[PDB]
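In the structure tokens that follow, the same protein chain appears in two forms, which are kept apart as structure 1 and structure 2.
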Structure 1
């Protein structure tokens, strides 16, 4: 109790009493932020992602299937939901099941994007953990593992289902093949998992132009009672199709026949549809408002969109356009001889592999003219690269080639013959090396102009500043082609993408140039036709690669491929479930959500307080200069070791854009662990809770007594109840006088704190005991007043709680009457939470947390 700490002669500093109150004030305001758990993640503020996170992340025991189109943010939405439920206390134990080849990607993603360190569980980890616990999976709160690891023994899968996970995440759930009569031994292991875990997130793809029926096998796992018969689900999807068609006619700018519109009327099962129905269709002045309320009611009756989210690249805006630039170069004679040697020596090998050689002329001239053959002197592609680079020196250029060997040789030549700064970015590099290259390439104007990448890594960091891409060569299959473009074709880029493809005339590359552009239209547009056509055309296309000399018969392959492309394109556009796409991307409300967070992101109090907090704790803050502070410990640190700090130091940034370019730095927000740790460090300890201070004011009597009192109103409830939305620990300042009159409302904290000053150890010590009978008599005066202020907070909180928590229960009740996806558990959870919160609010108390004594002098 802080007064007994001050009575008994413990007098802390006056700048630590200042930080302590600011911390309780700031923490209180942030707990109540509307979009808590949605600001600390190291991502762009993309609406369609944020919509899913907000919708799903706030549910209780969420069970969802994320089927967003590839490249839309399936894994980002997954981590956001995790970040929300973990920060809100809704979840504590999480299990992510990933194919082993993807385990490392998830480990780094969850750590750098969401500040979540998962423990990877392999056989080694599992064995050493069997000794440490009855259930091996009780030793870690957050665990990644593979389904093959999970399925190894039966005794192992039993421990997993008994580990009491709050949430489960399964990546690539489409690899789970399921027959109604014969489920695979893998599908049987997951269904057993999804039955022992309340919340379940399923990430999947719906490729090869199939319908939502393929999803039933997984939808069956989320809500087994809603989805219990396959055929009925098929019947439903066929019968829902006309509405989607008619809906698709409306917003496209068509008139809707009355016969058509009495199928939309059947979907929304009401009787007063007609007046609202026609204004949206007659195109009167307010047809805009009649369409938007019309569509909204339609979505609430959709059979799956509440439990299935599928954003397409057509239902989402923001992606940059992609423009192509092709350059036809003379095939140098040194290669012509080099390939004919492979021709003769290529006696016994399939056209499949014969064509694999013809792809890269550079790397067969290194087998017949000896390794390291100086191919960088006659190859026109190199000449074009230099010329292009030296002419656009102020542009960041991503240069992608097939193999790392060619990339390393290119770096050396661009450096040693044109003074071009170029970092190599291949997969063999470690994580620190790639960060080093990404940093150099991200330097605004003094760093690497070029990033020479081997066949690109799979969906790593964002080069939002780069808008130019060069294809030094082209891969065989069209999936890697779209993957290369993927590192740039993302929401949040600076400008549109310019693709430059310098290709040697009359070679396998020249073939792939025409096939990709004329046939599949794969460079400038994103329609996923490539793979289907690639399979239907393989053996023909191969021969034109293994021998680009035989040119006749080719030009018809191209128009045949483009015919397939347009046909495949057409079939997909007519399969769009535009209702599901609008519900997935969140619509207009979601873009509004994205901008509120974009505005909270300029919090300067956060940076000022962080500097203030870090400095008190004793953390040296060297400002390197480019919006990045380097934090290092000191001899004057206040604690043995701080959770996040290491002696080698850490880089931090408060700017969301710098963070996206420098993933090696910590993105500092109110939700970042550094702040939450330092906050707890102060407010858990009791330093800064009791001090004395002198005031120099000519306009007051000597020896007058002001007592600054920081009470704290608190509720005692498990964090699972989320009381912090309505009543977190909230400070109540009071500046009492000798008669118990409160002045705090008139005397703001900062200005008052400015004009105050401390004492020396001795004089202050008994200066307190000079009025120990007085200050003690001052406290009970406020004791009767704090209870008035305390009950004021409680009552307002109970109003704010009962208001919002009943509004949510009403909405869920409205949906259950109109939608089949609302579970019994959901409505029960809200009801149980409303009662428990109002109960925990009726039991809130107050306490004296901090106390600063004031004595006026005129000396």
Structure 2
């Protein structure tokens, strides 16, 4: 086929032939990496996240509950699972359903960290998409919508169910509450969705102790066969508590009681168990190893760890300390008058509404003096903010308030008074507008030195050098408070977080500061008890907020809440399942997984191929020297529009640490779309498949003919079978003389390619037609040589495919014997996939892809 094009007049350029071979060779090599799908994401390599992603991401139709605590990376873990299944072909269509306020968070995270462009489906986008198909969700492969959107219409819900999704992601799944007599519409929608999508990821950090019926109902959504009875599940969790405590004491060091181990041995039921148990419970020279084998066999028999992952902050340390600094300020008489007239108008207004309103006195003032009324003239919080920023000009400060209107007013007064420039975040801006404001604030280069945020939820952007936070006001519930602090209290952040709270005395602000700090300790330590206690004392705490002058019993309430907080906190830590924690973080095997990816990171093959790829496609690279390159298209582009480019130009980097510091830059790996789209572009057609060249070599007779043939050995099969793990389309380069000697083993490609020069068209065409009959005789000589070569590759693959898939099949069958969380369809998927892989490798052959004729000259 390629020689027919050559003898018919197609002569390709030298760089096209070379790049075609290189791109096929590197594609063949990068597919077989054991860590594919975990390299391309713009994240740090945290072992507990990679352990979850590497386990769940390679399953057939994964159905797990991701229950890591707040800030531990549930969005990143879900993104890594999506990244693998989409890259490998195991999934094609993904549906992410989140609370309405977290939609933009997931769009930014999935695009800027995993290169996944999701489509937000709201009511206006839904009506737009209806014009194109019967099912409007068929118009996009990756969509995000809200719980309210999914539940609102039965007809729209049916379309969402029949849209043939491969993976379903539900964030903040604790919003799905089990109710025996009145399940919410959003519960019913997710329940129906979960029966129609094979792969489901439920995300919620809620402890099962704060609600057990809902926790079991979420697990039953994942596997209704295993989790079929609630009372049985409750009894299982009770029966297991002594085992988790005895195990916890083991790793803690204190040795075990006689009856405490025959209880570990009963749950690990097997005949010869005494030697291992005694070796572990000895603290000898062998006990260190003996416990890893012990807990390993206990994790395989754990009742829920196969489908439930829960890392904790006490288990995975690495979060910064949080320091509270309160600043009590006098109440100006303008607010005194505004509050009084407000109380005269709201004698009937509910205590709940009065409590919330008086938290933001600039809104009370404007509600009587008009919008944009000059409250910033007398508000002492503004003056304190002025003095703090003017005396801290070299550090990045993040200021948060509830309302955008207040945040936008602060930007103006701070600019008009002290000349300080501030980036602003609020819900009224576009994602791209917030992208610029973020990059402006991220500059250590006299960037924006203060970032002003409304209550808008964080979109995952990392501000490395930001460790100082000002709460201009306080949010109304403790869940919003931790979301605020989480903007800087990030994993891997080393500097202590300074939280400054300027507040007005004897107002609802002063009451809320006391309750958050003294009652919940919510500022300096992450609060797992806030919501639970807040619900119990809501209409009680509201009264003290609404009437800050009458403080009778407030100290008693604070005492009540703090004692309940401390008790619930310590109880959650006692019930912490250490065996579940170890399975969640992955131990030393996960640390090795993190090291292996970081070693693979610095890829000189990639930089080489990427620059060779961009020259041919026609991209102009401007190396800014700072580990960053600016890509701008040129005139001589192959395709008019190459996917990832814009006429404004994009910034790229190959270094993972630079990519984390500059999220405005593309993180180029073998798994980046720019690379995968460039590979497919040059390997799609026939460009570079047929050419002729001259070799200036005096050590060889004039006119001697060599042909270098690029064969490709491949099987044909659907991508979901994942045949590329064992036999991707693989090039087999041969270099033949007139007798058929294969010299490719002693003639390195790049060394020999640098000596082959193109021919002008008129001489080149004359030369090809002259040597044709000899070339045909050499082509016939190769067909026998490629056969033995291709048969060695296929037989190598079908043995490696049979060996790998036998291990996976045996591993899942060993688990099913001791674990109830192995689904029937999982065992059938491996058994069927293995048989189909063997059958596709049986029908694998060879073809000639490209050939380059070489004629020796002395000129």
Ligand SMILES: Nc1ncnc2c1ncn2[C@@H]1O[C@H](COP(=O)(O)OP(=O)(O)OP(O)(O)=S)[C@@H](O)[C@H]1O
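Positions refer to the first chain, counted from 1. The term rigid core refers to the most C-alpha atoms you can superpose between the two forms while keeping them within 1.5 Å.
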(request) Look at both copies of the chain and name the one that is the form solved without this ligand. (result) 1
(message) Can you tell me which of 600, 576, 829, 418 is located at the hinge, considering how the rigid parts move between the two structures?
(response) 576
(message) Rigid-body comparison between the two structures: how many degrees does the smaller part rotate once the larger part is superposed on C-alpha atoms?
(response) 18
(request) Having superposed the rigid core, state how many Å the Cα of residue 322 shifts between the two structures. (result) 6.3
(message) Rigid core superposed, I'd like the Cα shift of residue 358 between the two structures in Å.
(response) 11.0
(request) After aligning on the rigid core, report the distance the C-alpha of residue 124 travels between the two structures, in angstrom. (result) 1.2
